[PDB]
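Coordinate inspection notes
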Protein chains: 2
Amino acid sequence: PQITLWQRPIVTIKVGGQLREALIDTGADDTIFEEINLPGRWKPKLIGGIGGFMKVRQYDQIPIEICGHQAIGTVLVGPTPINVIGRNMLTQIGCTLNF
Amino acid sequence: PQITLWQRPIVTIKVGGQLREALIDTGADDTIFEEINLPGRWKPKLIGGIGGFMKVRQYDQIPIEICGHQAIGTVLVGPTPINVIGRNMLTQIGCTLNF
Ligand SMILES: CC(C)CN(C[C@@H](O)[C@H](Cc1cccc(F)c1)NC(=O)O[C@H]1[C@H]2CO[C@H]3OC[C@@H]1[C@H]3C2)S(=O)(=O)c1ccc2nc(NC3CC3)sc2c1
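Residues numbered from 1 in each chain as written, not as in the entry; some residues may be left out. Chains lettered and ligands numbered in written order. Heavy atoms only, no water.

So, the relation of the copies chain A and chain B
For clarity, the cut-off: Least-squares fitting over the C-alpha atoms is the method by which the copies are superposed. When checking whether two residues touch, look at their non-hydrogen atoms; a contact exists if any pair is within 4.5 Å.
Superposing chain A onto chain B requires a rotation of 180° together with a translation of 0.0 Å along the rotation axis, leaving an RMSD of 0.0 Å. Taken together, these values place the two copies in the relation of a two-fold axis. A share of 100% of the interface residues of chain A reappears at the interface of chain B, consistent with the copies meeting face to face through the same patch.

Let's talk about the site of the ligand
Our working rule: It suffices for a single heavy atom of a residue to lie within 4 Å of a molecule or strand for the residue to be listed as near it. Polar contacts, as used here, are pairs of N or O atoms within 3.5 Å; protein pairs need one atom able to donate a hydrogen and one able to accept it. Residues neighboring in sequence count only if both atoms are side-chain atoms.
Taken together, 24 residues surround the ligand, and among them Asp25, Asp29, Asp30 and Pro81 of chain A together with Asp29 of chain B come closest. Each of chains A and B places residues near the ligand. Contact distances for the ligand include 3.2 Å between a nitrogen atom and a backbone N or O atom of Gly27 of chain B. At 2.9 Å from an oxygen atom of the ligand is found a main-chain nitrogen or oxygen belonging to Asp29 of chain B.

Brief notes about the UniProt feature "domain: Peptidase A2" (unreviewed entry) in chain A
The condition that has to hold: UniProt positions are given in the numbering used here, feature names are shortened, and annotations may be inferred rather than shown by experiment. We count a stretch as a helix when DSSP gives it H or I for four or more residues in a row; a strand needs E for two or more, and each element gets its number in order from the N terminus.
As annotated in UniProt, the feature "domain: Peptidase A2" (unreviewed entry) corresponds to residues 20–89 of chain A in the numbering used here. This span, residues 20–89 of chain A, is 4% helix and 57% strand, and a straight line between its end C-alpha atoms measures 15 Å.

Some thoughts on the interface of chain A and chain B
For clarity, the cut-off: Note: buried area is the sum, over both parts, of the accessible area (probe 1.4 Å) each one loses when the two are combined. Here a salt bridge means any side-chain nitrogen of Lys or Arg lying within 4 Å of a carboxyl oxygen belonging to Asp or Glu. In the scheme used here, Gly and all other residues not listed as nonpolar or charged are polar, with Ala, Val, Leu, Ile, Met, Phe, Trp, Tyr, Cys and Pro taken as nonpolar and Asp, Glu, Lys and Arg as charged. DSSP calls a pair of strands paired once it identifies at least 2 bridges connecting them.
Each side of the interface is counted separately: chain A has 38 residues, and chain B has 38 residues. Here chain A packs against chain B, burying approximately 3600 Å² in sum over the two surfaces, 62% of which is carbon and sulfur. When residues of chain A are sorted by the area they lose upon contact with chain B, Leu5, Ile50 and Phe99 of chain A head the list and together hold 26% of the total. Remark: the boundary between chain A and chain B carries two salt bridges. For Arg8 of chain A, the salt bridge goes to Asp29 of chain B, with nearest N and O atoms at 2.9 Å. At the junction of chain A with chain B, the criterion picks out 21 residue pairs in polar contact. Listed by contribution, the elements that provide at least two residues to the side of chain A that touches chain B are β1 (2–3), β3 (18–24), β5 (43–49), β6 (52–66), α1 (87–90) and β9 (96–98) of chain A. When residues in the side of chain A that touches chain B are grouped by element, the largest group, four residues, is from β6 of chain A. Taken together, the residues that form the side of chain A that touches chain B break down as 19 nonpolar, 15 polar and four charged. Inspection of the sheet shows β9 of chain A paired to strand β1 (residues 2–3) of chain B by two bridges, in the antiparallel sense. In the strand pairing of β1 of chain B, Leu97 of chain A is matched with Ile3 of chain B.

See the structure below:
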């Protein structure tokens, strides 16, 4: 779809067999969720944002469905105030900006 | 223009008579710059992101040029790791997401 920006661009996600909502975030390089439970091995990672850094778990090659579109890629899990879909996933679903 | 997401969506800005680069950020409600010098009165504000909060100065009704498009609105000034154009400004320039 086309999504305008009068409201936060929140969409419905399926990841790890669980349903969540997440913000389409062109300012995020990576994809971050709080409170999902993903299977298998992970690596600890520190990431930076406004207000400093955050410790996350890094999971690789995770399938995700983003507003009905399929992608696979790295998902970070940690205490983000809102779930975000970043460019690693947005490029796979053909998402662009336009003005 | 249309902007794809293979790279960070960075554009050229003029604000307060100064030239800067900033990220088109659909996950940002507000617009934040580091190291600009804006005129007039401001109000201190605490804002939240990943990794916690940040103290900013809030300036209202600031003119800005975003990739050649004119807007006016609130600009926050404080120690962001990258300058961001948020939805308060993006709606004025007709920016949309599309997939
Ligand atoms: C700050 C930008 C540049 C980056 N962030 C993406 C922005 O869109 C975040 C999303 C958000 C919204 C709300 C609360 C939040 F906690 C977070 N917006 C944000 O903080 O807005 C703030 C600020 C603007 O006005 C209002 O609107 C929401 C809130 C409030 C004050 S990020 O989440 O830190 C992130 C994401 C992925 C990523 N992947 C990385 N990988 C390695 C480097 C390669 S680093 C990295 C860092």
